[PDB]
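Single-letter residue listing:
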2 protein chains.
Amino acid sequence: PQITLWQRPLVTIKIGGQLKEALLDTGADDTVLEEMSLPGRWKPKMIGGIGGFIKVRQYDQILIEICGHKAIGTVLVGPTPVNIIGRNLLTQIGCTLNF
Amino acid sequence: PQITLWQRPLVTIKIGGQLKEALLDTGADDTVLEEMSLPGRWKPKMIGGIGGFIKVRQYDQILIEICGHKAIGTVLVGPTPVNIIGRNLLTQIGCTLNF
Ligand SMILES: CC1(C)S[C@H]([C@H](NC(=O)Cc2ccccc2)C(=O)NCc2ccccc2)N[C@H]1C(=O)N[C@@H](CO)Cc1ccccc1
Ligand SMILES: CC1(C)S[C@H]([C@H](NC(=O)Cc2ccccc2)C(=O)NCc2ccccc2)N[C@H]1C(=O)N[C@@H](CO)Cc1ccccc1
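Residues numbered from 1 in each chain as written, not as in the entry; some residues may be left out. Chains lettered and ligands numbered in written order. Heavy atoms only, no water.

As recorded in the entry header, the structure was determined using X-ray crystallography to a resolution of 2.2 Å.

Shown next, in the form of structure tokens:
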């Protein structure tokens, strides 16, 4: 679909048997979800936003459905205020900016 | 134009007589620039997200030019990693997400 930005670009995701809402975010290089239960092994890692810095767990090769489209990729899990779909996966479902 | 997200969506802006680059960012509600010379007066505001929170100055009805397009709106200036153009100006220049 096409999405204008008068509202926040929130979409439904399925990950790990669970339904979530998540933000499509061209400003984020990676994907980060709020604390959840993922099976499947992880490495610790850090990311930075506006007010500094967080420690997240990295899980690789995770399947995610984003608004009905599938993707597989790296997903961080951690104390983000909101779930964020970043550029690693937006490229896999074909997402562009237009103006 | 049509921007793909294999690279960060950086664009050239002109503001306050100065040329800059900025990130187009659908996951930011606001526009925030690194510290820089702006004329006028402003209010204390605070924003946050992933590392926590920051202190920014708020200047209203700033003219900005984003890849050739002019827009007027609120700009925050502050200790951000990179210049962000948020949804408040993306709507102005007719910007959509598409997949
Ligand atoms: C301030 C940023 C725009 S710039 C920095 C970015 N890091 C990342 O994108 C990693 C990342 C991944 C996921 C989340 C955050 C950060 C970077 O520096 N990228 C160049 C870079 C390239 C190579 C090496 C090193 C750095 N963080 C971004 C950020 O917090 N964006 C928020 C707004 O969209 C995100 C947000 C949205 C809603 C609520 C809260 C936060
Ligand atoms: C973590 C966020 C996705 S969630 C929070 C957001 N705040 C804002 O959008 C204000 C704002 C504006 C600009 C920047 C940061 C924050 C919010 O809570 N939005 C609902 C809301 C609305 C009104 C009131 C309360 C809550 N910040 C975002 C964020 O940092 N995104 C980064 C990734 O794109 C941004 C980024 C990109 C690259 C490098 C570094 C950072």
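Now, onward.
Next up on the list: the environment of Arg57 of chain A. All names here are of chain A. Position of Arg57 relative to the elements: it lies in strand β6 (residues 53-66). For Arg57, a relative accessible area of 18% gives the class buried. Counting along the chain gives 32 residues from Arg57 to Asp25, while the straight-line C-alpha distance between them is 19 Å. Here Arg57 is in contact with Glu35, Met36, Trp42, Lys43, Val75, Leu76 and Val77, once residues within four sequence places are set aside. Polar side-chain contacts of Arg57 include one of 3.1 Å to the side chain of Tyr59. (Helix = DSSP H or I, 4+ residues; strand = E, 2+ residues; numbered from the N terminus. Buried < 20%, exposed > 50% of the residue type's maximum accessible area, 1.4 Å probe, protein only. Contact = heavy atoms within 4.5 Å. Polar contact = N/O pair within 3.5 Å; in protein donor to acceptor, adjacent residues only side chain to side chain.)

Turning our eyes to something else, we now look at the layout of surface pockets. Space inside the largest pocket adds up to approximately 920 Å³. What lines the largest pocket is a set of 34 residues, and nearest its centre among them are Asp25, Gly27, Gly49 and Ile50 of chain A together with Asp25 of chain B. Elements with a minimum of two residues in the lining of the largest pocket: β5 (43-48) of chain A together with β5 (43-49) of chain B. Sorting elements by how many residues they give to the lining of the largest pocket places β5 of chain B first, with 3 residues. Of the residues in the lining of the largest pocket, the class split is 18 nonpolar, 8 polar and 8 charged. (1 Å grid on protein atoms, 1.4 Å probe; cavity = no way out; pocket = protein on both sides within 12 Å on 5 of 7 lines; lining within 4 Å. Points joined across faces, edges and corners; volume = space filled by probe spheres on them. Nonpolar A, V, L, I, M, F, W, Y, C, P; charged D, E, K, R; others polar.)

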